[PDB]
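Trainee: Following PDB author numbering, the numbering of the sequence shown begins with 16 at its first residue and continues without gaps.
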Amino acid sequence: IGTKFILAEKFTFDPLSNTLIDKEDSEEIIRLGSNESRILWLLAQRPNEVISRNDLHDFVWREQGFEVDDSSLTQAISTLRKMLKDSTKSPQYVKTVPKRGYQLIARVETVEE
Numbered sequence: 016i017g018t019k020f021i022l023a024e025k026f027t028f029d030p031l032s033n034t035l036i037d038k039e040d041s042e043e044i045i046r047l048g049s050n051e052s053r054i055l056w057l058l059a060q061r062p063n064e065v066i067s068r069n070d071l072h073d074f075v076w077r078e079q080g081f082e083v084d085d086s087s088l089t090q091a092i093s094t095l096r097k098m099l100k101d102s103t104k105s106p107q108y109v110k111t112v113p114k115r116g117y118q119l120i121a122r123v124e125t126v127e128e
């Protein structure tokens, strides 16, 4: 329902507004793209589960909404990694599973509804 979460105890994420605000820098606010938010939505609906490209497609196919096509899955993941300021060579907050999809490792702390 757009419940606010803190990611990785480093960033405050508002799914409702689709924005990420760095806890260490309140002036640093990054807007999240359509498919980029679709990923985190599926992760919110499937905590601790790997989200595939087919899963993303399923979300798009569901409801009466349409895909804006801001970016691909992998591209959206790259953006998410940048937004969370994760490691390039060995990310510790975003996990990639070969031939399965992607899974968020960042700790998810409930803030408010």
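The C-beta atom is built at its ideal place from N, Cα and C for all residues, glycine as well.
Since I believe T34 is in contact with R46 (beta carbons under 8 Å), could you give me their beta-carbon distance rounded to a whole number of angstroms?
Mentor: That pair is a contact at about 6 Å.
Trainee: Between residue 2 and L95, which are expected to be in contact by the criterion C-beta below 8 Å, what is the C-beta distance as a whole number of angstroms?
Mentor: Only positions 16 to 128 of the chain appear in the structure, and residue 2 is not among them; the question remains open.
Trainee: Less than 7 Å between C-beta atoms, sequence neighbours within five positions excluded: which residues of the same chain meet that for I16?
Mentor: Once the five neighbours on either side are set aside, the close Cβ partners of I16 are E128.
Trainee: What did DSSP end up calling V83 once you bin it into helix, strand or coil?
Mentor: Coil at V83, not helix or strand.
Trainee: DSSP puts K114 in a beta bridge; with which residues?
Mentor: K114 pairs with nothing; no bridge assigned.
Trainee: Below 8 Å on the Cβ atoms is my guess for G116 versus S86; work out the distance and round it to an integer in Å.
Mentor: Not confirmed; about 16 Å, so no contact.
Trainee: To the nearest angstrom, how far is it from the Cα of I66 to the Cα of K97?
Mentor: Using only the alpha carbons, I get a separation of about 19 Å.
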